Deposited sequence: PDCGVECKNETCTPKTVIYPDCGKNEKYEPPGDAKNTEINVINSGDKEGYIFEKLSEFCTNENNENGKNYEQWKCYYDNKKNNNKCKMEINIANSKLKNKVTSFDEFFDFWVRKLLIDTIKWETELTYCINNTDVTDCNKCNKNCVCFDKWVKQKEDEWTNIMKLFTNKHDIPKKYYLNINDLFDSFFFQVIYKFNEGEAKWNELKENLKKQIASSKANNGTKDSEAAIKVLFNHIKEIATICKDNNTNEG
């Protein structure tokens, strides 16, 4: 089992910085997940209207929101690549680190390389197919932002060295924050 403190942005219209305002200047979700190999009863618990979901429901939400927020952050940070633009940059870097912690806590449910189910460790092609409709829904020109993201993950894997899309995605977002931080000097 594990404890995952999730920083969940909204599901409504607004600037990502404004949506995550209290996180940037510091109230989001404490989860508790349980996992077993042959047991199908794998459930997650939301503490503090508190909910009980299946692991698959929680994991789908987590991946879907990671992908939606990445696109939202990237479009906000591309617009300024200004005072809030440096503040947006600092909150994004803080957010990447928060998402890396969330991911490592989720990974504690496994503790095996070959034994991490294909279902939760998809490659770029699979991930981009699986979450096409879910992520695309949110955005105006969603189809194009999704293709842009896939090509950029494909560039990341080509520059580094088949392997998990989430790790390639973390590399892409860590790079955006690096470019972002370096630019805030001038």
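Asker: Could you list, start to end, the deposited-sequence stretches with no C-alpha atoms?
Answerer: Comparing the full sequence with the modelled residues, the uncovered ranges come out as 1 to 35, 62 to 68, 91 to 97, 131 to 137, 218 to 224, 250 to 251.
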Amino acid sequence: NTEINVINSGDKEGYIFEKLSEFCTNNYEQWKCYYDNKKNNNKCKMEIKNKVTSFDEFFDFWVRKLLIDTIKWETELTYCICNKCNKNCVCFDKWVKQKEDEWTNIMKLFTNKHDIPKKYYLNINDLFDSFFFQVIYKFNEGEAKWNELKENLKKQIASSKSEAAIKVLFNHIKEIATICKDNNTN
From here on, numbers count along this sequence of modelled residues.
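Asker: Taking the mean of the C-alpha B-factors per stretch from the entry, tell me the winner out of 69 to 77 and 102 to 110.
Answerer: According to the PDB entry, the answer is 102 to 110.
Asker: For the C-alpha atoms alone, is the average B factor greater in 36 to 44 or in 146 to 154, going by the entry?
Answerer: It is 36 to 44 that shows the higher mean C-alpha B-factor.
Asker: Which has the highest CA B-factor per the PDB entry: 27, 125, 134, 54?
Answerer: Reading the PDB entry, the winner on C-alpha B-factor is 27.
Asker: Looking at the C-alpha B-factor of residue 140, is it in the lowest, middle or highest third of its chain?
Answerer: Lowest third.
Asker: Sorting the chain's modelled residues by C-alpha B-factor, tell me whether residue 130 ends up in the lowest, middle or highest third.
Answerer: Bottom third by C-alpha B-factor.
Asker: Please say which third, lowest, middle or highest, residue 96 falls into when its CA temperature factor is compared across its chain.
Answerer: Within its chain, residue 96 is a lowest-third residue by C-alpha B-factor, going by the deposited values.
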